[PDB]
Structure formats: C-alpha cells, structure tokens
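Provided below as structure tokens are two forms of one protein chain, presented individually as structure 1 and structure 2.
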Structure 1
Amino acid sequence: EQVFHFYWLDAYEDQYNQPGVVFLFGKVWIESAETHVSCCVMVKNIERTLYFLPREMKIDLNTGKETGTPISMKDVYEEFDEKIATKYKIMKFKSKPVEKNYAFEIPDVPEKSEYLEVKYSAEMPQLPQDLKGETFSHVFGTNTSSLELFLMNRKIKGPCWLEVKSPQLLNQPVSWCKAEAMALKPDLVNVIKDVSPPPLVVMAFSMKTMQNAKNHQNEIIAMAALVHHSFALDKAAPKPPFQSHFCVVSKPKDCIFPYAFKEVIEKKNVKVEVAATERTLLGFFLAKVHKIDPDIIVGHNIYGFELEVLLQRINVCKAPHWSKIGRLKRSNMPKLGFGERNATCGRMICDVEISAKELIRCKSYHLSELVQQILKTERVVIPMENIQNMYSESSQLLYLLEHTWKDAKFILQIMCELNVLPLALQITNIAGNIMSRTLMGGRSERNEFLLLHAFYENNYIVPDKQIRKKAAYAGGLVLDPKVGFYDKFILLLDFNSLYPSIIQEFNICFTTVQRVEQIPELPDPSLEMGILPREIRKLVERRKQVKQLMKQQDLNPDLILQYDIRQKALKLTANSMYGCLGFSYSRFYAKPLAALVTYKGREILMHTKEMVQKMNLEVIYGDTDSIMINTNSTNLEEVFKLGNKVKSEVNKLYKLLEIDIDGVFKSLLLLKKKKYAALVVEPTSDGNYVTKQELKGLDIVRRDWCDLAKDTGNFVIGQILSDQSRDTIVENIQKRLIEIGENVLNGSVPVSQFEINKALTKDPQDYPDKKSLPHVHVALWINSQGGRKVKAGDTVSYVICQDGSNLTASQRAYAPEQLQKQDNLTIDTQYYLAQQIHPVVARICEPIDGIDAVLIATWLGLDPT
C-alpha cells in the first residue's frame, strides 16, 4: 500500500459548493527539515447515511389502509430501490439491514429495531426529513452533515494523530499549507493513539487604528506579533512564551514619518518594518502570516473587533492575498464570527477576552482590566486622539510601536497564565468536537458532541439536527435565612457534585426514564446504568483527580490557580450536561429529565435540613445543596467533630451521593438569601488557624456599583465581622462614613472610583427606551463618536455628572474621558452620596443594632427625608 501520518487540529466543510468533502488541517513531520510543517488533507466521498424504519404491516399510499402483508427488509429494500430512489433521482446507492437502538423524542419508534441502512453520494439529492413509505414509517439521518458523519464514523475525538492510507496528489493546490494530500474515501483515515503530540506554532498579535482626518475611516497604522514555533500543549507554557516577533508601522496618508526615523530604527535596532501605505502594511502582515504559518492566532477582542476591521481594511485597501489569513485558498471574501471563523479557516483563533469570560470573573474583560487582575501590572492607555501628535516626533511613533508590542506580549502572557490552550485541548478531546469551536466559547455544542459520540458508540440512532428567558420548570430550593450577625462558629456542609450524583444515584437517562409539566418516575433499580450517568460519571472522576493533585504537598501559587480553574471547568461541564437537558433548542432536549433531577435535589435538601434539626441543631440557611448550622460553640475542635458527625450521618443514606464540610466561619453577617459575608477559618497547626474574609452576593462584589460605594461597604463589613465590641465598631463606622462624605465633597476622591460598569445584553442600537439607560447611552456615544464600537456582551464604564440640564440622574450619564475633558461636566456628588454609598451601607447595616438608614444619611450630610 502506502501511508502517511497526520496530526489534525482543524476541520472545515462547504456543504453547498463541495458536498461530501471535508478539509482537515494539521501537522506533518518532514525528516529532511527536522521540523513539523502544516498539511491539508482533503477527505472525499463522505456518504449520506440514512436509516429506514420498517412498518409492522404494509400500507397502500393511495388509499391509506393496511394490506395484511407484513414487512421484511427485502420489502423495504425493494421499495427504496423501485419507488424512492427512482422518484427522487438517486442513481446509485448501497444498503444493508442493521439493528439500532433508540431512546429519544419521536413517538412510534421502538427501543430496539431493525433498520435498512442506506448510503449514497452527498452529491445526490437530499430526501425529505418527514419522508414515509409503503414499507417504512420513518427515516433518520437525511440531513446529517459530512463533518458530523466523518467525526462520528471515524471516532475522532479532538486533535490526534491519523494515518491516511493510499494518499493522492492534487491537480492543483487547495491550501496555503506546506503539504497536501487527498483521501478518496473516509475509511482510508484512522485514529492512532501511540505517537506523542507535536508542538505547535503560536502567534500573538495586536494592532492600532486611527480615525482619519476627513473621511470616516479606521486606518490600521501599527501591528505587533510574537511567535513561538514549538509551543507544546501537553506541558507548561514555554519560558519565554515566544522566540521571535515583528512590528510594522504605516502613515495615515497626509502625515509624514518623523525624519531620521529609519535611522532611529537602525540605531536602536528594532525588527520594525516601516510601510509607506496601509495597503503595504496589510500586504506585509499577511505575507508574515503565510510564512510563519501559525496553527493558532491569539489576540484580544479578535472576534468582536480586530478581525472585522482587518478584513474590511484589507478589502478597502485592496490588499493582496486576503485568504492567506486562513489556510484555505479562496477568492470571495465573506463579511458580517461566522464569515470571520471561515476567513481564518484552518487556523484556530484564541481570543483571551472570550477565554477569560469562561474561566474567571472580572468587572470588565477589557485588556487593562485583565492585565491588572491576571498579570498584576499596569497597562498604559493611548487614546486615539493623542495618536496623531505622535507621528510628529520619532520617539512618539516609536513609543506607540513599543506599546502595541507590549499589548501583544500581555495577551500572550495572559493566555499562558490562564493555561487556555491546554484546557481547550483537554475539553476538545473529552467532548470530541472541533478545537476552534471550543475556543469560541459555549457549552451546548460540546455537550451535543459528547453525547453524539457516546450514542454512536453504543449503537443508537441519534436525533437529526433541527432547523435570558422565563424558567420552564422548578429548580433548586433556597432556605429562608435567619438574618443577623453571628459570634459563634458556623458550620457549612455542601454535597459534592449534587446534580451529577443525583443523575447517577437514581440512574436518570434518555434510556431509563419514561416520559413524553409532570415529574416522571424513577426507573426500576434493576435496570443497568444508562449512557448519561456513565458519561457524567467520567466528568466527575476527572474532576476528583484534579482535586487530588491540588491536595498535594507544597505547590506553586500560580499552578494551584491553574488546577483550581481546571477543576471548576470540569464542574461546569458536568453541570452543563444537566442543563442542556432543559435547553429547549438542544438536540437532546428532555425537560422531564431536567425536572426530575431538580425535584430529587429539593427533596434531598429538605431531608438533610430536617435531619440536622432532629439532631437538635440550628439550621440558619441553605442553598440548593448546602446546610448552614449555628453551632453556638466557641470550641473549634469540637465543631469539626460535630461536622464529621453530621457528614457521616447524612452520607449513610446514599449509595453515591456524599456531603462534606465546605467550611467553618468564625463570624457571619447573613443578610438575605444568597447574600452574606464571613471570616473563614483556615487551620494551621495545633488547632490554630488564620482567618480570611469571604463575600457572597453583596453589592460589594458587583460590577454595577462604583468603587467608592464598594470600598466603603467593604470597610463596614470588615468592622462588623471584627473582634471589637459592637460599640467600638458602630463608632468606627460613623467616623469613617462622615470622612467619606467630606472627601467626596471636597474633591479628594480619584475620579476612577466614581465609575459604574454595566454589560449590554443587546447592541446599543437595539434598545427602544434607550435615553434613560445610562450604559446604553454612553455606548451610543462611544460608538457614533470614534473608532472601536461597543456591542452586545461588552461592559460600559460611566459616571453621573452635573449637566446643568435638570434631567434625571439616569439621563446624565457620561464617559470618564468625556468628563475629564469637558468643563460643563462635573461629578454629581449628591447622586453618589445618596444613590451609591447610602444604599450599599444601609443594606449592610440593616441588621446591626445602632446603625440605621436615617442615621447613615446624616453622616453623609444628606437630608434624611
């Protein structure tokens, strides 16, 4: 024969222009060059695969009555061959009887049955989905895409090594890869698992734009990029994260570069290419992408801005070879990240903004905010305006260029810090989907792929693809809290992986629960574990392993964070598997199952509450799978004993479900359901312990209150949870608030602390009642005013100012720059004292005797009425 090895990373199909064809992109080892290069493998002749369900008794389609003659596969075969194939224009086909299982939402389909599997060219006509015949009542798989068929049939689960038997040459190159090959049929491709993965080429970049003087245009004037040619995903990121890099700077049109600039560059020796026109800059960038040939391109806000601006400018400046930004040679450039994801076809796009949203929580996911929270460094901002003045002098243009470079580096460092790529790979090998899709975010597509593989594997027919809202069923139970402050130790117990465990513990599955608002019945405990509990179980085991690793002897603070993020990622994946059951647009939608899981959960929480109470214990709170207890004790060692005691008593009732000691608090300020503060006990040696403050749901943790209000609220909390007597505390609180009130009025407070942040659920243009929505109003300004544009999902920062226009506070929202720059605008001190600080402190002091709302108003110098 003849065979070659290929490590695939990305896949792509064009069902309209090239049905039955799948393009694979990956790596190949080239011995003569001792390096891996890119390769494109075009897989052809992927055939549609349909399953015809035979009727019990034959039917006549002209009368619509049975005939008395039963059915046999020969009957079905003949009908397809004689009437169906001929009527629908299917020249060739192959078929065979098979036995498949079914367990989904189409009524009148038996659990197990024999089917006539038919296969034919994807180039031939697609049969109607609701097609029926004389011998068959239903047909499955009429609309399955080639990519799905390929991945499922070949059992490909994320990036891996493949052997391609009998490769063919192509008359003409179809990609921008170094190597190419073609497979005439899918069965020539096989997964192999005994070859270590190859390292990848990773490219991180950033760009700068500039609004042009006259015409309205965002011109790209600088780009920076860092590259690593051997970035391994099965180990710690390389240090340093890049081996090379390059920069390119261009002039708008009317401007002229500072002189000696060239020399200044040769002098300081920076790998900077000074382009004369934007078109040149773009042509150069694309040439660099083609030559470097990255498997992964990383940026910040790529999908929302950068990528669209790049393609548009490439089109406007008529830059040469736009398709080099991807790995597939194309001609027509698509626009609007669909058209985008396609534009980079073959190259995975990692957007740290998107990845950060999935892995951690921030007040905003803008680059400065991320560099601060994750890299713990400050990032300078260069406003589009100041840009122009920079071209005037050499050092300025040079500074701007170094700045762009710094952003490319920040982006890359954030990617490594969050360990984004290894995580995305792990999730892709688990779900068996496509890595570039994993990186775009979303839990549903992954869960669908995970289930598709599992059901194909177990020989099941799967549903065909089909073509915040109000709750549609009951969820978790939240206990009514016993609001107040607590001095004695509090015990918090929480069940491990509750829902995933409930699914296993009661064997809930598409295959074991009868259904069709009514809660189904638990299946007979004799039945064998179903696909769902097994798959769910595997996600829980993986999570336990990672938690075991964290438990280990003295580890790095950086690594510990990575393990914690990963552990939560696996938690979210298992919970998303439960959630998709209740996702109306899910391919495996099964609401009764979702409702049964939540039902058992509330039941279990109620029983655990009543049980702790029978032990004569005080249950002051509980959320879905937790129980909070006031031990009233001051003896830590005793509390822990009591904890393990209740734990043991509870776990005694279940086969798999296990409750644990989530934590112990030294002091607790419980305000309302899902809202509390506390000093958390952290044992050291000899029953000794340190203590750490922890907030849950308070206004202090939200993004939509200013720092001034939030820092002040945190001060109060720190004082309340304190050792100090109630008296000393109340005094300190007053002492501090009176002070804050003065500082706000005398103008001692940094303008940044007045900023309020809110994310837009929709694009600012899609709001009818706009004007009175401060964040939507500042976004409409920002947008219509300059370069970048805010869209659904972005958070907007703003401040309330004195306009001198007597409109409501909500109608006097302005951008920070807009305030600092404009003179008629000034901070509305009254608004901040009464609508920000007062509301926050009042809710926090609500249960504290001695403080009161009226009082808090007088400290702030507000008229109590």
Structure 2
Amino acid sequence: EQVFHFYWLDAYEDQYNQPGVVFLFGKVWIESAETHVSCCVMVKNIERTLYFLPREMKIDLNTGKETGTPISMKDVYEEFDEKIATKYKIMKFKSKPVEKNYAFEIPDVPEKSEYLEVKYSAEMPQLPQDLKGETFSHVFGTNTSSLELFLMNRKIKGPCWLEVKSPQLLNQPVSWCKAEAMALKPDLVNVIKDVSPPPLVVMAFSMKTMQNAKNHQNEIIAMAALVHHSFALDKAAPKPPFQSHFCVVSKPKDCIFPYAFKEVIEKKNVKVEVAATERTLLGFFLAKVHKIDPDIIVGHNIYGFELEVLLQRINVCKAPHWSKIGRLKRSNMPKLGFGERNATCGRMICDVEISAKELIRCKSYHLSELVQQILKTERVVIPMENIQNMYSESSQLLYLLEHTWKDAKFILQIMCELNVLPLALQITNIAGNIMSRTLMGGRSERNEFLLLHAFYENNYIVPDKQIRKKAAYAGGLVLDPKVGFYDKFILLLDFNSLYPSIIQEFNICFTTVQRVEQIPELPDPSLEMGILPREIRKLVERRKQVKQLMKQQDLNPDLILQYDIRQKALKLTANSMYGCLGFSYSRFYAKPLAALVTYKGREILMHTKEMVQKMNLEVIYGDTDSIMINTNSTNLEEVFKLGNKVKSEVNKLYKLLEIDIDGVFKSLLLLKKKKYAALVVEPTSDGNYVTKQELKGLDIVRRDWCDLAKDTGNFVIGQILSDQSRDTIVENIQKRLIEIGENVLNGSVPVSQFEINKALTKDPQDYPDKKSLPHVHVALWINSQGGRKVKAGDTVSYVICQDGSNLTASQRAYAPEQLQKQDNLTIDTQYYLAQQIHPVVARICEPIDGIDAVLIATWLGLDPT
C-alpha cells in the first residue's frame, strides 16, 4: 500500500489529555535535500490490556465463601461483561482466553494459568488496581502506560529504525518537526535492523544569569551555543565538535550597554546578537532552537538550575512560543525534573554533570573541576558581582560573552571526552528503554525495561508498576588482612564477573528459585535456564563476540573505539542486573534472589581461600571476589607459573565461573581491610618489567582530607615502597615531615592545599545539628549569601580558621574566599598539623618500624601528649 522509514530517538505520552497516544520523535532522510530532518510520528489506538485471573471456585463477595460452582473462562467474561464493564463504563472491548506464565511477588497466583485478556480503548475509564470479583481474584495491567505497551508489543529497544505502514496526514501540525505523520494503530509500526544510525544535531549551550538590583529575580543576560548538524553516535566525535555557533547578549534593566558596543562588535566580527530586552533574548534563543532543531541539548547543571531558570524566565517575560524548546506544540507550561523533562519532550537533554558522576570520580562536579580533571585546562570563574561592572566597558562585556562561549565549548568537549552520547546509545539499545531517560541517570529503570522485554517475549504477565539506608541482607566476604609490608612478589587472583556468573552458573531467577531473611535453595540442575540467566548469558556472548572482533586485522581503525564502548556498556548492564534485585523500590525487587547471589558469593570465596591454603600457599587478603597470595618468592617467572597453577585448579571446579591472574606486586603495604598501597608489575621484554604505584582506600585517595595531608602521605608512601634501606627511608620521612611543619608555620603553603571537601547527603536546610558540621555550616553561608545555591549532591570546599572565638575546630569552618578576603580570619595551623597531616601519616606508618605516633607529632612541632 504505502510506507516510510524513520529513526526514532524519543517518545512522549500525555495520559491525561491524549490517552492511547504515543508521540515518537526522530529522523527521516529526505533524498531531495540530501540530509536527515526531524520527524514526529503520532501512533494512536494503543489499547489498554488487562489480564483477569479466574478463581478456582466462584465466591459470594458478601459471605466470602465458595458457592460450590467451579469457575470457567465464560464465568469471568460474563462477570466482566455484565457487572464490571457496566459499573465502570466500558462500551466496547475485545476479550480472549490466553495462557500466561507468572513468577512474581503476589501469592496465590499460579506459575502458569489461563487468563481473560480484555482489550479496550484508553479513552474509557481505568479499573482499580485491587479490583476483585466473584469469578476472578486479581487483574493485571490496569495502570500500564501506553508507551510501555507500545514499546513492549512492538519490541522496540532504544533508538532504531522503524517502518511505518499506511501513514496518515494530520489536519494541522502537532509538532515543531520538519515532517509529521500518523499511524492509526500500533501494529503499523515495525522495527527494521539492517540500517545504520543517522547522525544527530547536537547543541551545547551555557548562559549567564544576574541577580536583579532591587528584589530577588535571576535574569538571563547572555547565552552561548555551539552546534553540529552531523554528529554520529556510532563513531568518534567530529573534530572539531561543532560547525556553527551563536551568541546573544542582553542587559538587565538598570544598566545600559557600554558606549559603542555595537561598533566594537562590527569590528571584531563576532556572531553576537545584542538584544534590547531579556524577552527579546529568550525569543531569539527559542527561534534558533526551532530553526537549528537539535535532537540533543547538552549543558552543565541543566536539571539542577539552568533549565528551570530558563523556563521560569520564559514565562515571566512571556517570551513567544516556549514549547519550541521541545518538539511538540503545547499551550500551558508546567513547572516544579518532571515539568522539565516534559518541557523538552522530543529533544534529549544531556547534562555533563550527571554523566560525569556516573562515569568518573572527582572531588566535585562543578564545571571547573570537570574541566580541570577531564580536559586538563584551567577555567576562569566569574562571580555574579563582577558582572555588572563589566557592563560599563565594552571590552568587559565582550569578555563576559567570550567566557560564556568558552563554557559551552568546554561542556561540549567534556561530553565528547567521556564518550557520553555513544555510550548512552549502546546502553539504551541493550536495556531497551528510552535514551533521554538513560541520559538522566538512574539504573533501576534501565534494568526494569530490559526485564520487561525479556518477560514479555517469554509470555509472562509482568508486575504492575507500583504506586543511605541500613543494609537489608548479607553482602560480600572480606577476608582478614595480615597487615604489614612485603618484599616478595604477591599474587592477586580475581574472578571475572563473579555475581553475573554466579547467576548463570546456578540458574538463579524469578522463575527458578522458590521464595516467600532466609536464603532460598538453589534450583534443581534439572530445570531449564531461567529468564534472568538467559539474559545475562546473552550479554556475555555479545561481549565475547566484540572482544574477538577487536583482535581483528586489516580493520576499519575507528571501529576499535566503538567495540570498546559497546564492550563496557555490556559489562555495566550485566553488573547492574544484580544490584537491582536488591533495590527495595525496583519493579522487580527480589531480596531473596539478591541475598542468594551474595551467599554463593561468600561461599565460593572461602572454598577458594581454603583451597589455596591446602596448596601450602599463604593467603594474606581477600575481598568479595579476589585473593591475595604471598609467594614469598623473588622469581617472577615462577610466580606466574604458580598463579596459572592455582588458576587451573580453581577453574576446574566450575562450568562458567573463572578466576584469573589480575596482577602481581613487587612490594605491598597492607594497612587494613580495603586499604593498601602497592607497586604493580607491568611486564615488558625478557621477563623484565616496569613498576607503577597503585593506591586503594588510603586517606590519600579521599576527598575529605586536604591536599597538604594527602601530598605528604603520598610522599611517605613512595618512600616506604622504595628500594632504599629501611633506615634511608625513616630518615627521609623525618627530614620531609619537619620541613612541612616549618613551611606550614611560616606561611609558604598555598591556601589551596588547606581546603577540605565533603559532599552533602541532604540539602543544607535538612540538617538539625547544623553548626557542628563544617561543610553543612559553610554551605548555608554560601546559599544565603549569594547566587547559585548548594544542594544535595554538591560537594562543599572549606578550611578551618582561627576565628578568635575559641570554638572547636568543627565550628570554625569557612570558604576559601571568605578566608583570603576577610582579615580576622587566618589558617588554624595547629589544626592542620595535628588533625590533618599527623592522622594520615600516623596510620600509614603504623606497621613501620622506626616510625611512631608521638615521634611524628614532634617532627611537626607538636606536644606529644
């Protein structure tokens, strides 16, 4: 008849105003224009689907007793037809008996069983979730959304190509896309899998807001954006990351642009559009968004500030057509990211801050710390105050705009550097969810979707969607450490994905483990692979295919970064599978399964520790899935043969679980459980090797210890692991420490190294014992004093100062700025030497002969007692 193709990226549903309809936004190829343009496809008539569970025996709801008559499918039909449909207003519907499996948390529901499937328009009323009757004890699917029913039934798993048959035109345009179309029923949409992903339109932006002179509004005075119209998600980022860009500045209401501004620009030839009013600016922006038509908008702290601000201002200034910031034509703007995630429907939002938190560790995720760590460059800062003063001289405004441009360019580079977009696609293509959601973070949901697809495809009824804490079960086993320094090589054996393998090994699934604190029994080896095991099995196969492809030759060179990305996404998925089992709010929550996994975990660890011991080998440490062996040897080649020897022995015990040589140490300083320092062997040629320092858990790697303490401690660590004689070392450490103590007293240590960082678990206002907590105290100051406001998740930087108020150190906390700018404030040198440096060095040198607590305190110039 007729058909068109399109690559979908995002989906949206308005249950309240447009039930039974799902809007899909993506890309269509236009041959005439030789480029892809945005497209919106409206899918209608996605019907509610219910599953009524027939009773074994008919019940009288008044007496609560069987009536002697057994139940047949027809009984359910009739009760629904006569008493249910009527009472709740359902004119039409289709029904049909179907067989469905079940394996979830509602008791008295058979593993397999017949059900009365009832399908009817989403426009007619929704039944109560607890609805019961004379012929049925429960009904599933009452609250299932259309998006879920559509994605599950059509087997759509993340962005991909769709074939839409019998497309229809619309009276009037419903979206801001270049092409629109409508499908009358969902079975008109099909997935096609042998066509590559089209490149997207990416737009990175940043803005500068300014607090208004009189009262408290935060106006947008400048916006910068970088853009690229052909950004592949299946290959390396384009160089450069953008092709075009634009800048728009405005002025608050008390200020006036510096004289000659327009002219100063005409000269420099900068694409800076100078707008008279904030409202004009906003409108300029919204139009570029509408004209550029990005598929993805990337920024920093978008969901935490920028986006909400942009929307509020758009409303106050009554800027024209706010819904263009999204892809669907809408009238009313919802607020508070709910109203936000909805505000941009059709366009994916990538917030680098969120993406960084999921990909790397830092002491803070502010743009400057990310730029430093990720891009390795310094990023200037502009305090909200200095802004106005910049409106007096043109060269200053131009600097401000240029800065904003630099910010958007950094955000774009970070996004490129972390490979966020390509990873997100692979992740979404695996979980089978929605990419804008994958980008918002939250693993539980990617997990839900993956399982929902798995169970749907295997004929199971699935759970209805339902409408730090203290541990709820046993975790991993942590062997007791034989603290101390070692000179002989150390063997580190590791299991490859213990948890995921445990799950396949012992066939642990919702469909195989009987369950009701009490670890359930493993299933009988006779039963077939459970649904969950098969899913992990698949991830493991695909990851093997990929690593094998990577070993290939005469290959397209860029393909290797691609395989590497998919490989990691396949790993992240499999591992999250476990953690979801243990999440109380997960749609597929199942503590029993989780706990059974960690159990066989501990068990296997011990049988392993024991076995290495029966081989007359010393086992000095072990954490959840690893075993550290002290060979007492000095012959590297022999060490390896030993490892491979133990290896062969353990791997002989299982069908899928495998242990391997994760490495070898030349020297190791084991302080406590989950805390050590070591020199790692990196073989080269002829049995030779180089050595690299690796730290784990020591205060040195934490963010809640100033750099002064961390740098000193690392020094001591380098010494300790060295080749020098024990005495050479002990001397060097003393030499150094005493120096540090002086440098601290004389004031030669940079004010930066005294900074301590801590992240707030709650919003600074939700802390009762406030005052006694440094970071929280400092956060309140910052919030109540200036612009941006610290909130849960944010890391606060501070330093202890001499107030001259005789309060404990924990009550004399200030911001680095509050220190250098204020005079009566001065670094509490005493605190840092005794409460920072000393503690760290003390705990590191504990197993060291020659070094002691009182001995260290004197070197720094402290009274031993």
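For the two forms, the rigid core is made up of the largest set of C-alpha atoms that agree within 1.5 Å on superposition. For numbering, take structure 1's sequence and count from 1.
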- request: Might you check 562, 630, 511, 667 and identify the only one whose CA position changes by 2 Å or more between structure 1 and structure 2 on rigid-core superposition?
  value: 562
query: If we fit on the core, is the Cα of residue 482 displaced 2 Å or more between structure 1 and structure 2?
result: no
Core-aligned C-alpha movement of residue 473 between structure 1 and structure 2, 2 Å or more: no
field: Flag for residue 718, CA shift 2 Å or larger between structure 1 and structure 2 after aligning core
entry: no
Rigid core fit between structure 1 and structure 2: Cα deviation of residue 733 in angstrom: 0.3
- line: Superposed on the core, the Cα displacement of residue 547 between structure 1 and structure 2 in Å comes to 5.3
